[PDB]
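Q: Quick one, what's the 3D model for this:
(chains A, B, C, D, E, F and G)
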Amino acid sequence: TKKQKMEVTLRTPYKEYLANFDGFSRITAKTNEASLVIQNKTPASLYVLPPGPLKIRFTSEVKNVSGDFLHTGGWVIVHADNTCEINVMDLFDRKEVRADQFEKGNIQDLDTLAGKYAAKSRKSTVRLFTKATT
Amino acid sequence: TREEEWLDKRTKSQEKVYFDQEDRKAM
Amino acid sequence: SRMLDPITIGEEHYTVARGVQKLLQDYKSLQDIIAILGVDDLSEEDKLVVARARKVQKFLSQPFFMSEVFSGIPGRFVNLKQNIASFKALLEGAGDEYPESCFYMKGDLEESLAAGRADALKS
Amino acid sequence: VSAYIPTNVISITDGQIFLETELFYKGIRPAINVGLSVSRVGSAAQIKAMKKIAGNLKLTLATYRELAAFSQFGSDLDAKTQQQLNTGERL
Amino acid sequence: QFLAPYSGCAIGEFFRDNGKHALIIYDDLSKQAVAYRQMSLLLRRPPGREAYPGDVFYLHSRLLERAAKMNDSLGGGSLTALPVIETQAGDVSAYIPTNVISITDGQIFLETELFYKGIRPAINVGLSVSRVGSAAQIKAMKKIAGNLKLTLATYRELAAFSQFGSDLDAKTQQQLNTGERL
Amino acid sequence: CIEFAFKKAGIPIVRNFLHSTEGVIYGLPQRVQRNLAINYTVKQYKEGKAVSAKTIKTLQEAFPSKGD
Amino acid sequence: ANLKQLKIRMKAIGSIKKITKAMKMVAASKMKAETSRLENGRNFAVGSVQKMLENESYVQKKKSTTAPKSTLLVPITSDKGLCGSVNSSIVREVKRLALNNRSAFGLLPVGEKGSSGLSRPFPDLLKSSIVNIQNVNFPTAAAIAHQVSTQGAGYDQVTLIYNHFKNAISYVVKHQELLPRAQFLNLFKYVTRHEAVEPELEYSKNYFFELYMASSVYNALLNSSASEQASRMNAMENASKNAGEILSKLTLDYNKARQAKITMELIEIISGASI
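A: Residues are numbered from 1 along each chain as shown, chains lettered A, B, ... in the order given. See the structure here:
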């Protein structure tokens, strides 16, 4: 029927960061086409986020989380009962980016129709991550 | 009722199988 | 028994005899590990030997007419033809599906099936 | 066999044939324990056609007795072990 | 072979009576009982357990009991005894071992397995015990000796899991490593 | 692109995230590195027919693709 | 009664109880990690696709509601032996559900014991299996979901059999039911309540299918892996218990035989001394 003001769930196969949270005020992420913003009363919709940045505002500071993360890829679903769930392969903070450590042996690729898109994504993240640090 | 023989055979059996494959790699 | 030989008795009786002896003998060689740990971790082919050995072991028991006061159940007289046929069907895997309890204190293999079949009907 | 009389006779005779009750009821008749049986004369008595085949026969049976335990272990079997296990079963 | 232990023991009493300290070591003490058993059986005396005479226990008692610590009045001398015994299958349940153990204060049990592993001297601290204990040790050893005994005691209990070092959780594999140093 | 990678090539989304991180696996902390690991075995099940070890996980090893 | 033989067999039981007692410690140590990993990865995106699909009203109106005639079974078992009775239970349940009707299940096993135990009863039915899993993680579970997806096109339904780790000492077999890709795509394309424009529906349908499959697979592995260490620890406890009882019983018989030995030898010495 209907749900409370809102609830967000950020989960990772190896750790759960927010089983259910309401203090947050807004969420912004980057999809394939463009950047979106999910907040209260956001209609129901599905999204698939590439390995980009995920920033979330907190009304009250939450411990062990900075609110600015870079995910490796995940699925997003906003249910009909005013509820959004974020599930990513893995999550980490920008402060642990450890930039300048890229291209350490995995530069080689195979010249195929699939390898072309494979490298395309890998290159996109490198260009993205460099900007994500800023 | 002989469990010592059971352990003894299990020892030689698994060791032989394990080292039998190692012999292939060594050759 | 010196009378146990293929030439004196029918060859069939000799085969059924060795089948039970080999079954229980193989099962006896595993009772040690079965005591330390259950038969769940035991191999499948070995579990079948253990499972079928229990059925034969329970079927060996039978009530005696003179011992009717001790146990309280009527004795049983098993003919030779029924004896060989009873164990022959059991070794083949006839009554393996039924519980080992239906073979306890039974005269003939067909009698145990009637009890085992009834135990499956009630449940 | 650790008794007094059997121990003495074993030390007096050349070879001894060990009979096992387990092997007997498992269908192995003659129930002969080749692992312990031994003869001083050895191949010196066998004929030429026998010594050649008798030598390899002992080695093959020796391996089979070892893999007997692994059969219980199961869960896998190498190609060669399957052959040696089967081959020994034929003997 | 039966008189040698008493003969040497008499030589030690000389130092004991004169206030001096002496040490007497009876090598192959078990053979003494065999020698006395030989004389007993050849004399057709009533044989007891393991063909030993009834007074086989008394044989060793009167011998070892002469090694003692005389008071300052007699001179303060002392006589330390160190009889040796050879166990066939490491079973102290035999006739002679039980006698010498019941008479002596403590026994230093040596294992053959430890010798093969390279623990030289192959002293089994588990069975080895001293009745005097810290009373004999010097003031410097008493302290460190107490803690040392406890560490080895806990290590032997955990030694059953030595092969499983990395599999077990922390705070236990470290204790195993420490015991290996001791 | 994530969409055409699956349209013009049989690249699943998971494989795309893997190839994406492939270039930055060393940049990410070791915590994430241990997570990005696929190593198992697949057998065609007769007594001893086949034994295949799946360890690459990026090429046509674990997530096959039409392009490969 | 030949004390030398009894003392040898007592030594064997002592080593078994020792190693059996040690494996129990490791069983508890590993169970701790699995429980820590399970609690952190559990309920990860589980039922999400199921919830929203249920929230999709227009989908339910047009949902093709039929009974799958042919399904695919993927049982989950441990590869290492001596882990407990959990493997026997899984292979037992699938055997019952399979022996009843044949040729209606693909039976792609998972785990050495699961596949090995079902090789002889069901030949020509199971063709491939997965074993020797180095570690449990979502990237790996996705690869497993892919293999099942390839083999699931032929069957109208897919289900996984595995142990549910409800308690450290209670593991109950639980089975999930998952529809194949073909049925999922046709059902998913009707999604209209939840907009999908950032990725187009043709792509979102296939991507969310993986999430729907991997989530169930990844969740099952954790439950089974945790039940393995839990069932293993209990097995070693029961095994070590039985090992100790038998070892103590033989000790009594060893002492009894020791007394008889002294009595036998002592009578011989007296018999010779009598004359």
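
Q: Which helix or which strand is home to the spatially most central residue of chain C?
A: For chain C, the residue lying nearest the average C-alpha position, counting by Cα atoms, centre = their mean, turns out to be residue C:56 (1.6 Å). Applying DSSP states H and E as the criterion places residue C:56 in helix C:44-60.

Q: Please identify the buried residues of that helix?
A: Neighbour-count burial for helix C:44-60 flags C:46, C:47, C:49, C:50, C:52, C:53, C:55, C:56, C:57, C:58, C:59 (criterion: 16 or more other Cβ atoms under 10 Å in any protein chain shown). C-beta: built from backbone N, CA, C; applies to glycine.

Q: Report the distance from the helix or strand that it is followed by to the chain centre.
A: Read in the C-terminal direction, the helix or strand following helix C:44-60 is helix C:68-71, with elements assigned using DSSP H and E. Centre-to-centre, helix C:68-71 and its host chain are 22 Å apart (Cα atoms, centre = their mean, to the nearest Å).

Q: what does helix C:68-71 contact?
A: Applying Cβ atoms under 8 Å, 6 or more residues apart in numbering or on different chains, the external contacts of helix C:68-71 come out as C:63, C:74, C:75, C:105.

Q: between the residues you listed, which is nearest chain A?
A: Taking Cβ to the nearest Cβ as the measure, residue C:105 is the one of the contacts of helix C:68-71 closest to chain A, at 58.2 Å.

Q: ranges for the strands of chain A?
A: Chain-ordered strands for chain A, with DSSP state E as the definition, fall at A:7-12, A:15-21, A:24-30, A:35-38, A:45-49, A:53-58, A:68-70, A:74-79, A:83-88.

Q: helices or strands up against the fifth one?
A: When you say that, I think you mean strand A:45-49. Contact here means 3 or more Cβ pairs under 8 Å, 6 or more residues apart in numbering or on different chains; DSSP states H and E; on that basis strand A:45-49 packs against strand A:24-30, strand A:74-79, helix G:201-274.

Q: In helices only, show me the contacts of helix C:68-71.
A: Using DSSP state H, no member of the contacts of helix C:68-71 falls within helices.

Q: filter the residues you listed to the buried ones?
A: Buried subset of the contacts of helix C:68-71 (neighbour count, 16+ other Cβ under 10 Å): C:63, C:105.

Q: need the contacts of helix C:68-71 in JSON lines with distance to residue A:105, can you?
A: Converted to JSON lines, the contacts of helix C:68-71 look like this (distance: Cβ to Cβ, whole Å):
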{"residue": "C:63", "distance to residue A:105": "80"}
{"residue": "C:74", "distance to residue A:105": "84"}
{"residue": "C:75", "distance to residue A:105": "84"}
{"residue": "C:105", "distance to residue A:105": "75"}
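
Q: which ones are touching the residue nearest to the centre of chain C?
A: Each residue near residue C:56 by Cβ under 8 Å, 6+ apart is listed here: C:20, C:23, C:24, C:87, C:90, C:91.

Q: TSV for the strands of chain A, including mean neighbour count and distance to residue B:18?
A: Converted to TSV, the strands of chain A look like this (neighbours: other Cβ atoms under 10 Å in any protein chain shown; distance: least, Cβ to Cβ, whole Å):
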stretch	mean neighbour count	distance to residue B:18
strand A:7-12	22	39
strand A:15-21	15	38
strand A:24-30	17	52
strand A:35-38	14	56
strand A:45-49	22	47
strand A:53-58	17	49
strand A:68-70	19	45
strand A:74-79	23	43
strand A:83-88	22	42
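
Q: Turn these into CSV, columns for distance to residue C:7.
A: As requested, the strands of chain A are arranged in CSV below (distance: least, Cβ to Cβ, whole Å):
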stretch, distance to residue C:7
strand A:7-12, 78
strand A:15-21, 77
strand A:24-30, 90
strand A:35-38, 91
strand A:45-49, 82
strand A:53-58, 88
strand A:68-70, 87
strand A:74-79, 79
strand A:83-88, 78
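
Q: Let me know which of those is the nearest to residue E:95.
A: Of all these, the one in closest proximity to residue E:95, counting by Cβ to Cβ, is strand A:15-21 (68.6 Å).
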